[PDB]
Every structure is written in structure tokens, then in C-alpha cells.
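Each reported figure results from applying straightforward, stated rules to the coordinates on display, with no laboratory input. Heads up, the Cβs are rebuilt from the backbone with ideal geometry, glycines too, and the neighbour counts pull from every protein chain shown.
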Amino acid sequence: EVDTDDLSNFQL
Amino acid sequence: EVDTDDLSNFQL
Amino acid sequence: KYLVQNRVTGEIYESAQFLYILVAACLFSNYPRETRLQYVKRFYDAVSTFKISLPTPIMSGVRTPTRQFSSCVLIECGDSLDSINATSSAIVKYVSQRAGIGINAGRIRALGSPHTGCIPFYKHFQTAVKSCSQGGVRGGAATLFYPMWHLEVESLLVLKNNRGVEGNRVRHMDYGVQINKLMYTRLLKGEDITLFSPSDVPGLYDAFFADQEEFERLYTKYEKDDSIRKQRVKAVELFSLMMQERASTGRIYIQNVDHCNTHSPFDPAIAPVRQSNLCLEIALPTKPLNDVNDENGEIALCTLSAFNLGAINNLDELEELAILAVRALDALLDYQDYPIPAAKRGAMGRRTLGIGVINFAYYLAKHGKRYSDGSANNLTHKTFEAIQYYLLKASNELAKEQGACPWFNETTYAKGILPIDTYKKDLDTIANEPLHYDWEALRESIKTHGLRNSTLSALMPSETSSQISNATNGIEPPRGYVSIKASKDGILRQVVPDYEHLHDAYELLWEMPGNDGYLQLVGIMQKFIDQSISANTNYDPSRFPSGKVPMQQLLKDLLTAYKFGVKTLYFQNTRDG
Amino acid sequence: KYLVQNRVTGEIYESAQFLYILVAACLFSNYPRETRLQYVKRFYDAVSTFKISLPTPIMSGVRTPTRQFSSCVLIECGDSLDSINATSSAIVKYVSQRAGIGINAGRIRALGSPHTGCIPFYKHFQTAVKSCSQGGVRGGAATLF
Amino acid sequence: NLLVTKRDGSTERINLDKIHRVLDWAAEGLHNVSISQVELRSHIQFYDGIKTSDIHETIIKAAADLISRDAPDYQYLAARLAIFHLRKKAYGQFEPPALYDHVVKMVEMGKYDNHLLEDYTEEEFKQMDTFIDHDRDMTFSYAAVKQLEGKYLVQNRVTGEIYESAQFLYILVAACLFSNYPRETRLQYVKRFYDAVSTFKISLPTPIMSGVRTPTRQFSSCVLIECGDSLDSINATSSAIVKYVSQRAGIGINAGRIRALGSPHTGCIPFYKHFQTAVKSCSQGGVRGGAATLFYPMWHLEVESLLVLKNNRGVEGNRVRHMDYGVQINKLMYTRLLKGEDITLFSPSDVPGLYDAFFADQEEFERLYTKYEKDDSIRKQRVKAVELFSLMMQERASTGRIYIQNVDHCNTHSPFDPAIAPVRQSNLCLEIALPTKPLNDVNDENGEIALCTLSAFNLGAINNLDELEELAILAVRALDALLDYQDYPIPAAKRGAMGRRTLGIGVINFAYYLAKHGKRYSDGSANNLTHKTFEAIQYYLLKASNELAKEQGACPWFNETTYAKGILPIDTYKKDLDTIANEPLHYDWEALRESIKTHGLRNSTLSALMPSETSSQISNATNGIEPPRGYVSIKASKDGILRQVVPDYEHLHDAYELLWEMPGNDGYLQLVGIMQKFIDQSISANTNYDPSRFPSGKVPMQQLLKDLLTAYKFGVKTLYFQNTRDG
């Protein structure tokens, strides 16, 4: 199971 | 599984 | 299991010292007044101080009103319903006394012989062995024997296999595969083994035990003669089957029938040895029975004892210990009763003893040797020369005093042939201790007055005898330093003798790199031992690639055993995890 | 299962009427000369015309060199190892002739009696009954009481 | 007493002291070994009239069994005893024959290729024999010898006899590869290479080591084949796969172009299954040997079926279990995941120009992609980017072999102009990244099949970074020579080879090197040294290739490289790398840049970091860039358990960071990203997880995805196995 909320913070 | 080739070397 | 006690109420009536003194007093109850209390005192001392051990029936029974003290019998079955019945009957009578059974059953003719064959009868021998047990499953054990070349052998070898059909399996007895030189040679020469029903090959079965030369002749003939029903199998395949069932069950045993007869106290031509007992240390003559009471059967029994090698201060103590031990056992032979007349005959005819050792590993530890490295070969040689000599000596002067056993004349001993004349030669390549005693003075004395006893020495396993003396079990190295059993009083722990000073001196079973050292020691023991030795092979899977023991290895150790003249091979142990 | 025949090769040697006449001739072989062929004739007739039937061993065997014709026995077992053995031995001998067995075994004392009880011995009577059978499973039957 | 069966039949008294003397010789120089221990162990196994061969393998094995981390030199005792045996087995004495004499016999027997005698004169051999040091056979570790004896040394496979010894293998490998050189330099190059290999500075792939100098001309260990969307191509691919797995090549199959189920028909999976039987056609009982990794884009319409292709519980038509998979991914897709949005699935056949752009031009991909999503005449399927990723991540996790290719990183940071010669797939183990063209038919002269010509520097055998110059000359030259030496079953293979002369040279022993410079994987403590080390490798490599172009001409298609355009690895690497290391470049990339533009490169690619298994056991070295799982490593063999202790365990046990003591994956991934900066192709990079390090023993999807992201952020091209400890 995943939290997309902190995911988004990431810089590619 | 067996090797009969060295077997034969044996002295009884 | 020793002390006289009420089994219902649970009260205990004696204490150990009385057990000992009273065991001694009964066994020597017959002696002349002059020597009697002198012999009693001396034996009591040997036993109370653990120099000599005795079998459980003897220790719990002698001095009580019973006259049954038997712990194992050998019965040979002829190829007839009369004999089959007789055997079965004799088995019932014996397992009912909780004797361990050794059944030679190889004479029974094969399936299809002019009919239904071995297995249905084996099954019958099994219910017999189980007739006075538990819920029909627990207590009373038997080892049943057949030659390797028996026509049915491929069915027989898998008799203990889990996955079979019901008629295919006779799972609650152990088996002893009988093997001679010729067969091995077929394996090494990568050739065939021929399977014959005994009934179809006159004189072959007999010769198998008594005369190898003749076996080789009759064998090669019958293979050729193709009027005779036969079956050929690949010697590798056949051996592999035997080796893997042995491996998986831990209890398909091996008897080298040539070694049991060329290196026997019996003239193979008169009184061959063609089987063993339940644990493969007993090697004595047997005759089939016509009927339970056939006065011409021979049932061999095991009269057992042991020297505590750890309690002797040095090897010469074994002289008076050997006098005590042999005498007490000989006296018991007359004291006890015989359910079956064929039993009585063997006992009275040949007065056969099996005295062995306990505490061997401890002894080895404290002389700073080990099993695995060869470091003990010589000390072993010295120790067993000492045992056999002192034993034979004790029996010799007993014959002087009381007459050789009735059938002493069927011994190689009567012919001046000694253990030291007929042992397997390759033994010279692995030890070189000189004999320290005068085997020639003894030789001559034997020829002159004979032996009171036809056999004197056998190396049995012990479990109970050795716990009571706090000793390692017979010739076995200990699995670990502390050993555990269950009981309904909690866990019973026992630490190895002198662990404090000897922990690094022991070679615990599983630290032996392999089996060779041990087998060499067993071969060296065999040199002097009249009967046989409960020898084990062990394997730790975690010591081999991918955890599996290779058939190559299993077979090399089988070969090593034979090469060093090893008579029987008992359990194969396989560590787990 | 009646006609004399080679069991290997499979050839048949007699025909039913001879079986019948010869069964009769053997069974009445002892009679006085006066009545004998008169009894033989009469029995042959009763059997060839199905008035009387006879058990298979009798029909297949009588007139051949065998002297075993038994199809069932009753054996009573006493409460002793001697008897237990004896019974067992007698069972072997009989199932070996393909007799059907009847075993009275009720006298054997119970588990716990001053010991291991009936069942281990029954099991033994069973291997006995099965000793000359098939693959140790098929043929030779018994009823135990 | 005791007798002994001699080599043929004769029987002498057991010479106990000959044995002992051999052991004392073998134990010479070593430490912590007991000779008597070995003797007691092996003597007890001797029987009257035992074969002479058996006396040997017994003492050998007795030594082998004592190999431990407390007594590492048992691996050397065993080695030397084994070496001595193998000498007598091949030569009937320890003393090997002269080179010439040996080679001559060997051609008589048809075990060496007789062009060796053709290309060199008798004192050309006489000379090379003075190059040889048969004493170096003493430097091998027991595991290494078992490898040599198992799969390098020329030997009869039936009878089992061994014909050469390791030094000849080395000298003769060198002599063949340099057989073409001008007389002036030739024995000078031969001597030098022999030295580099006999002293473990350079490793070479197994086919090359076992084959070169024998009559074969096949030495290939892996190929890449791209499959077009046609039965002709499907067939062709399949045919090419058969031919290659039949040579035991590892296969890389790009299969993403094949159109989806329902397209105007039965779709991918039945064809994959076919590629699988192809890959398995010359294997075992149809199951064991010959492996392949097959590739597709993430957005392929069938992708949800494809990702579960290795799943245990499925139906038969649902599963193609005996190949690995490489999911191809670009920036856009990740962005959909983080932005918590949708991913659209399209059959390739239904979206012109999209597939192409996926690899060659992200900007255009983004355009064509957003368009087609909107255009709703086009067959599509939408999926939740989290869901889709999760599926991929969990199959990767459960099977350990669903791989990831970042197709943007393989093309923006490539030696190839993506617009001319895109990289659109990898090989079996994800270190190879080179251009491929579909085939019309097995013999289509316009296909391109990429193959991997491999080698490696032993970072543990170099005394310092500048040794890599002459090592890089040796290595690049020998590989370039092999390119011409070997043959090509398929013409499309030949074209790639001859067109772009592509090399993949990498490293072994990295962890050991790191240990001995007192760094670790997990803490960042190595980022700079790594940066320094791989700048050194790439520079010296490119330099070696540069002067080879001067000497022999740039590769035919050098013009499709970014290299031809003066673009260098150091110009196009992923930027965030600046945030994790800061070693300055120590070499003159600008002098080199200019030299490249002028004379070109002999080779289009020079560097790839492969895994090694066999190469590194032979040098007693840690495997490529991997940290060791433990200090002693075990294999089965039908000679017992082979143990090998890590290099210099005695002095380095605390300096190693064993695989499972790494707190997580970041340090490692940073080092891989930093490596990637200079590496032409790609790196077999792993992710590892120890469940016992997470709550209730389960690795959370959050974590799996963060590491996937970290990988991308640092410009990581591919991702190979995921390891999961057990217990």
C-alpha cells in the first residue's frame, strides 16, 4: 500500500 | 549415481 | 528396571548393593565350599565397582523366583510349513519373554516355485514378533536375514519402504542382507548378479556360508545351466537399491557371510554361522526345527556381559575380571530354564558366551586418542588382544576344572586354530602392535583341555548397562557431551565421564570427518572377537555437496568394511538439519 | 475348475461324464461286489442329471492322486501360547490346502489380565490365514468368533 | 606395509615420504596450515593397492575441506596440490614441456588450431616460452583451479583427460589475438597481454578463455535481437535465437513492437511463448540452460498481462515463465506516478511515431503521447499510475526478475545519436546498451544484431589508477582483434560488429578495492573515490581506442556516435550527480575531446559493467561491483564443497561491508549513478532487501518505489535482479 502524497515531493 | 570406473580399482 | 519392586503399588524393596551381592550369591551358589564365598566376594566387588556390566534381565531377575533371563535368540527357518510353523511358535514363546529375535529366513523358496513365496510368511513372522506387544505395535523387535542373491531380493530390500501397497510391505522388522566376496567382485567388475530361488540350486545355499570356492563353482555353473530358473540384475543397481533402503530407513543391515565363517570359532563345514541376532553382534550355529519341540533344532541365545574399559587401571586387571565374568556366565547357563528344547541344546552343546566392552570412547579419550585419524589402531589392537587372551585363558582352565563344552569338537579351537590364525590379512596394513601374550602356550593348553565355552567375546551395544556405570556406550563415540532422555519424572541429563578434564579429548560422533577410522578400529577389534560387533556407519548430510550423501561414498564404506574383515554392519545414522 | 487339465500347458484331459462316473467309482470303490456297480451306476445318474451337487474340491480332485478334499475347518483356540501357536499352525496347514477357516478365539483373556490381550494374537491368526495367498492379500478367508 | 597402483598397472610400496615432500612444497610460504592435519585426514582413507590418481585427489580434497576464514591459506595449499596433480595429468610430470613442443603435439591431436604454428616460427615460440612463468600457477586459489579445470583448460570431455595448464592457456590466448600485428610490435604486445592476464589485471569471458587457440571461431556470450511487427521478423528473430542459444549465447529480445491482442490479432503472448521454446531449444531436458530477457515499453496495451508472465498461479496461456522481462520506462511515466495520475496503454500499431520517439526524443514523445490520449478515435486503455507501477514492482519483488530500463537515460546519456541509432533494449543481464535493427529474414543483410565483446579490469590488482593506461591499451586492442578473429552465424550480427566495433569492458573486485581504501557502499563514503576511479577507466579506455583509430581507422559507422560530434560522457551525464560527488576531473578531457573529433574512435562503445562469476573466482576477487554476501562463499561440485575466502580477509574483515549489513539501497545506487557517468553502456545494478529489517517482515511498496525513483534521479540506465534475503 502507498501514500501518493509524499511521493509527489520527489524531484526527478 | 555411481562411477564403476574407480570402483574397480579397489582391493577386497 | 533393576531393583526388585512392586509393579502395582510402586514400592521399592531392595537397594543396589543387595542386588549385586545377591546376583553374585546365586550365580556362585553351586561352587565348592572352599572357593564359593571367595568367588562371591570377588564378583560382588567387580560389579559394585562397575568393572563388569550385566544384561538387564540378569540384573533384575537373578535372585528372584524367575528362571527366564534371556534377551536374544537366533532361530533358523527351514523351507517347510512344519518349520515355518515351528519358527513362528518359537518366536511367540520368546517375544513373550521379551527376547529380541534373529530369524534366518533365506531358505524359504521364492514366489512361483513349483508357490506364493516369502513375503506372506515374513508378515507372519512379524505378527508373531508382535504378539505380546503394546497395542500390537510397540516392543519385541526382530531382524530377519536372507542372502543377496535370493530370487525375491528386490522385493525384500524395499520391505520397510513407506510408499508401497500392503502386501508389498512388512515394515516393523529390520533386515540383514547376506553377502559374500563373489557378489562384491561382481559390483567392482561392473557385472551381473544372478538371482536364484534356493529350492532350484542344490548345494549353493549351503556353500554360501561354509565354502566360498564351492560357492563360486556351483554359482558359475547354475548361471550357465539354463534349465534352472534364474533372474539377472546389474550388480551396481542391486547394491544401490540395498544401499538406499539402508540409508532411508537406517536399518537394512549387512552380513559378510564369508568373514563370519573363515574367521569363526566354528568349523564352517560342521556348524556354519548363517545369521545374526537383532543387533548383529551375535554370530553362532543354528539348526531348523521340525516342530516347536524338535529335539534336533538349534536355537542360539545370547549370554552377554561386558568389561568397563574405563574402570580398569590397566590391561592385566582383565585376567581376574575375565575369570569372574566367564565363570558367572557359565554358571547362569545351568541356572536358567529353556522354553524350547532346541534352545537348551545350543546352550548345553556349545556353552556360548558374548562378553564385550563398554566405555571404549572414554578410555580412548583418556589415552588421548581418537576414532577418526588412525591414532588408536595400535592401542585398540593391544586392548583386544588382552581381552581375547584373558577370556580364552579363563575358559581354558574352566574346561580343566569342569570339562570342555559337549560339542567343543566342532570348534576351530579344538583343531588348534586361533583367532590370530584366521583374521583378515589387510589388517596388517593398518596396525602393527606386536602380540604381547603367549598365544602359543595358550594354543597348546586349549588343544589339550579344550574350552569350557565355544565362544567368549561379542561386542554388543549397551544403553542401560552403560548409563548405570556412567560410561560411553560400548564402542560408540558419544553424540554430544550431555545426553537427554524423557521420563515421567522430568528430563534426565547425564554428562560424559570426566568431562571436566576430557572435553577436548573426546571425539564426539559428528566431528569424525568420516567413517574410515572407526571401521579400521572395528576391523581390528574383529581380529580377536569370536562373534561380531554392532558396528555403525554414520553420515552428516551437511558435510556433502547440496546435502546429499553420494552413493559412491555409501559403497566405498561398505567396501572398506569388507576389506578389513568386518562381519556385520548395524545401523546407519544420518544426522539431521 | 472341475476338469482334469494341465495347468501350465492349458490342455484339457477329461470330459464331464468321465468326471462324474469316476467320482462315483472312487467313492464306492470299497463296496461289496454285489452292490458296488449298482451303487456306482445310481450315484453317477444322480450327479450327471444334477439331482445332487458336490463341493469343488471333491469334483476336481476325487479320481486324481490327491487325498486332500477339504473346503472348511473349525479350530477352537485355548487361552495359552501353546494353543495359540497350535491354532496358528493348524491354520497354516489348512489355508495351504485352500480350506476356509472358522476360528473360535473368545477364550483368549482380555488386555490387562494378570496381558497385551486379544488383538495382537488375532492379527497373527490373520497372517496365518493369509500365509499362502496371492500377494499376501487375496485368497484364504476366515471368520473368527 | 600398503601398496599403490601406478599410472598404468604396475604396483609399488606406498611412498609415504614422496607424499609428505609434495605437501611441504605446497605448504611453502603459507600460514596457519597443518601438513599433518592434512595427512591424518587423507591417510586414513588409503587402502592397500589404491590408485595413484586417488592418493592425489584425496590429499587435495583433505586440504580443500580445511579451507576456512581462520585458515584461508588452505585455499592455497589445496590449489597447489591440485595444480601439481593437473601437471602430471597433462605432462606426466610437474615440469611442463617447452611451448613449441607442446603446441606441436597439440596440433597433432587437433586440440589447438594449427594457424598458431602457421603464424609463428619456432623461436617465435622459443621466445614466448621465456615470457612464460609457470610459477604463477601457484597464485591460483583452489576455487579458481576448480574453475580452470572445469571450464577453461583444453581437455577431453569424454575420457576426462586434461591437456594444457593455465600458463599456456594465457600465452596462447595472447598469441592468437595478436597473431596479426606487425612483426616489430607483435611479440611485444603478446608478452605484455600475457602478463596482464597471468597476473589477473585483466579478466576475460569464459568462451574466450576456453576457446581462443582452439579450432573454434565462435566465442559469443550474449546477443541483442530486435523483433519487428511481422511474421517474417518474428520468424527471423526466432531463427536467430535458435542459432545463438545453440552456441550457448545469452539472448536479449526486444519484442515491444509486436502489436496488441485484438489489433485488426491474437497478440504478443503466443509469440513470446515461441521465443521461449526457441531460447530453450538446445537445453537440458528443454528446461535448463540458455536464458533470455525480453523487453517491452511500460505503456504497451498488453502490459498488465505481460508483467505477470512469471507468476506461479496462472493458466497455461497466461504464463511464459522461463525468461526474464525488462519493463521500459521514461520520465513521463514516472511523472504520472508522482502526480498521482493515469498511464495510457496503446498498442504500438495504433499510434504512429510514438514508439520511435519513446527512445529517441522525449519532447516528441510527450507531444504524440498527450495528443493520442485525447484523440479518441484511437484504441486506448487507461490505468492508475500507482496501480500499474505496483503491479510491476510486486512481480519484480516476488520473482526477483522483472527488470527496469530507463529508456530516456539510455538515449540522452548514450554514445549514439538517438535519432540515427537509438538504444532500445538491453541484453540478458542489463549491462549492454547498443543499437539494433529488426530482420526481414534470418539472412536479411539490413538487420542489426548487437553482441557483447566483454572484458574487465581487476581493480584489486592495480597498484594505482595510472596502470589503467597500458591495461586499457592491452584490453581494447585484444578485444578489437577478436572482433575480426571470430565468425558470425548471422549476417546481421556481423554488421553491428563491423559497423561499430562495440566493446564492453568493466571491473571486478570493486568491493575489495573499496574495502582496502577503507570506504563502504552504504554511507556515501565512496562517492568521490568511485568518481575518480571511473573517470580514470573511461578516459584511459577512450584514449586507447583513439590511438587505435589513428593506427587502423575509426569504426565504419563511427559517424553515428555523439563522439563524432565532440560530445563526451562528461557532457551528457545526469545533473543531480553534482549533488552527490565533487571530485574534480583529473585528466584532460578537452585534449582527448579534440583528438576524438580528429581521428575518431576505433570502437563505438568501450565500457560496460557486467556481472562476473567465473572471471572473478579465478582471480580470487569480489564479483564486479557487488559487495560479497558473506566472507566465505560455498558452491556444490561433484568433488565436494568448494569454499573461497574473500581477498585479504585477514586484514580486511571489518573493512568490508557485506551485502546484508548495508542499512539500505541508497549508497549503492549513488555509486552506480556515479559509475554510469563515465560508462558507455550500462551496469548490472541490483536492489536488495532484507525483510527482517522492516515491520512485520514485509517490504513496503513505498520503499520499493522510492528506490526505483532514486535510481532514476541519479540517471541509472537499467536495474537488474532484486534480491530478498530469507529467514
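Data for the structure
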{"quantity": "Cα centroid of segment C:138-158 to Cα centroid of segment E:308-345, whole Å", "calculated": "60"}
{"quantity": "For chain E, size of Cβ-based charge dipole, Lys and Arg +1, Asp and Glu -1, in debye", "calculated": "1660"}
{"quantity": "Segment E:554-701 pair-distance distribution - Cα-Cα, 10 Å bins, rounded %", "calculated": "9, 26, 29, 22, 12, 3, 0"}
{"quantity": "Table column - 3J(HN,Hα) (Hz), segment C:27-41, Karplus curve with 6.51, -1.76, 1.60, x for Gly and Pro", "calculated": "5, 9, 4, 8, 4, x, 3, 3, 8, 3, 6, 6, 5, 4, 3"}
{"quantity": "Order of E:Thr605, C:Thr35 under a 10 Å beta carbon neighbour criterion, fewest first", "calculated": "C:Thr35, E:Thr605"}
{"quantity": "Distance in nm between pseudo-label sites at D:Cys72 and C:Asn293 (7 Å out along the Cβ direction from Cα)", "calculated": "3.3"}
{"quantity": "Where the Cα pairs of segment E:163-317 fall when distances are cut into 10 Å bins, in %", "calculated": "10, 29, 24, 17, 14, 6, 1"}
{"quantity": "Per residue, the convex hull volume that the Cα atoms of chain E enclose (Å³)", "calculated": "166"}
{"quantity": "For segment C:251-264, Karplus couplings with θ = phi - 60° (6.51, -1.76, 1.60), whole Hz, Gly/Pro x", "calculated": "9, 9, 9, 10, 10, 7, 6, 5, 5, 6, 10, 6, 10, 10"}
{"quantity": "Translational diffusion of segment D:4-72, µm² s⁻¹ [Kirkwood Rh, Cα pairs; Stokes-Einstein; 37 °C; 0.692 mPa s]", "calculated": "253"}
{"quantity": "Distant-in-sequence amide H partners of C:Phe69 (H built 1.01 Å from N, under 5 Å)", "calculated": "C:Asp337"}
{"quantity": "Residues E:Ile420 and E:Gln703, FRET efficiency given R0 of 51 Å [Cβ-Cβ distance, rounded to 0.05]", "calculated": "0.80"}
{"quantity": "Radius, Kirkwood style, for segment E:318-471 when every pair of distinct Cα atoms is counted (Å)", "calculated": "18.4"}
{"quantity": "Order of C:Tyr338, C:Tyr146, C:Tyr481 under a 10 Å beta carbon neighbour criterion, fewest first", "calculated": "C:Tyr481, C:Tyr338, C:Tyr146"}
{"quantity": "Residues of type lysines that E:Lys88 reaches as a straight line, Cα spacing below 23 Å, ignoring anything fewer than 8 places off in the same chain", "calculated": "E:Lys6, E:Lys18, E:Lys51, E:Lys61, E:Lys105, E:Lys111, E:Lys126, E:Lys146, E:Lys151, E:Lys638"}
{"quantity": "Dipole in debye (nearest 20) - the protein assembly as shown, about Cα centre, beta carbon charges: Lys, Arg +1; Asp, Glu -1", "calculated": "5760"}
{"quantity": "Segment E:443-519: Cα Rg divided by the 2.2 N^0.38 Å rule of thumb", "calculated": "1.43"}
{"quantity": "Selected from E:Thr436, E:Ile404, E:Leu172, residue furthest toward positive end of dipole (chain E; charges at beta carbon)", "calculated": "E:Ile404"}
{"quantity": "Reachable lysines from D:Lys93, criterion Cα separation under 16 angstrom, eight or more residues apart if same chain", "calculated": "D:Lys130"}
{"quantity": "Mean Cβ neighbour count within 10 Å, used as a protection proxy, ranking E:680-690, C:20-30, E:396-406 highest first", "calculated": "E:680-690, E:396-406, C:20-30"}
{"quantity": "Shape box of segment E:32-93 [Cα atoms, principal axes, largest first, Å]", "calculated": "34, 27, 13"}
{"quantity": "Residue order, fewest to most surrounding Cβ atoms within 10 angstrom, among C:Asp211, E:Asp654, E:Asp487", "calculated": "E:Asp654, E:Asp487, C:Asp211"}
{"quantity": "Rounded to 5, the percent of DSSP beta bridges in chain E classed as antiparallel", "calculated": "35"}
{"quantity": "Semi-axis lengths (Å, descending) of the ellipsoid that matches the C-alpha gyration tensor of segment C:251-293", "calculated": "19, 16, 8"}
{"quantity": "In segment C:1-76, the GluC sites (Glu not before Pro) that fall in loop regions by DSSP, at most 10 other Cβ within 10 Å", "calculated": "C:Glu11"}
{"quantity": "Value at 222 nm in deg cm²/dmol, rounded to 500, when DSSP H runs of n ≥ 4 in the protein assembly as shown each add -39,500 (n - 2.57)", "calculated": "-12000 deg cm²/dmol"}
{"quantity": "Estimated dipole of segment E:278-432 in Debye, rounded to 20 [Cβ of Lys and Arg +1, of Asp and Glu -1, Cα centre]", "calculated": "700"}
{"quantity": "In order through segment E:296-310: 3J(HN,Hα) via Karplus (6.51 cos²θ - 1.76 cosθ + 1.60), integer Hz, x for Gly, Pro", "calculated": "8, x, 5, 7, 3, 3, 7, 3, 6, 7, 5, 4, 9, 4, 9"}
{"quantity": "FRET efficiency, C:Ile484 to C:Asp192 (Cβ-Cβ, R0 56 Å, nearest 0.05)", "calculated": "0.70"}
{"quantity": "Other-chain or far-sequence residues with amide H under 5 Å of E:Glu164's (modelled H)", "calculated": "E:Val154"}
{"quantity": "Rg to Rh, two decimals, where segment D:21-134 supplies the alpha carbon set and Rh follows Kirkwood", "calculated": "1.20"}
{"quantity": "Convex hull volume of segment C:423-462 per residue (C-alpha atoms, cubic angstrom)", "calculated": "142"}
{"quantity": "Proximal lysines relative to E:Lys550, as straight alpha-carbon distance under 18 Å, when same-chain residues fewer than 8 apart are discounted", "calculated": "E:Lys565, E:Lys597"}
{"quantity": "Amide H contacts under 5 Å for E:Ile404, placed H, 5+ residues apart", "calculated": "E:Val327, E:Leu719"}
{"quantity": "Overall dimensions of the protein assembly as shown as given by Cα atoms, namely Rg and Dmax in Å", "calculated": "41.8, 142"}
{"quantity": "Measure of compaction for segment E:577-617 (Cα Rg per 2.2 N^0.38 Å)", "calculated": "1.75"}
{"quantity": "Per-peptide average of other Cβ atoms within 10 Å, ordering C:365-371, C:213-219 highest first", "calculated": "C:365-371, C:213-219"}
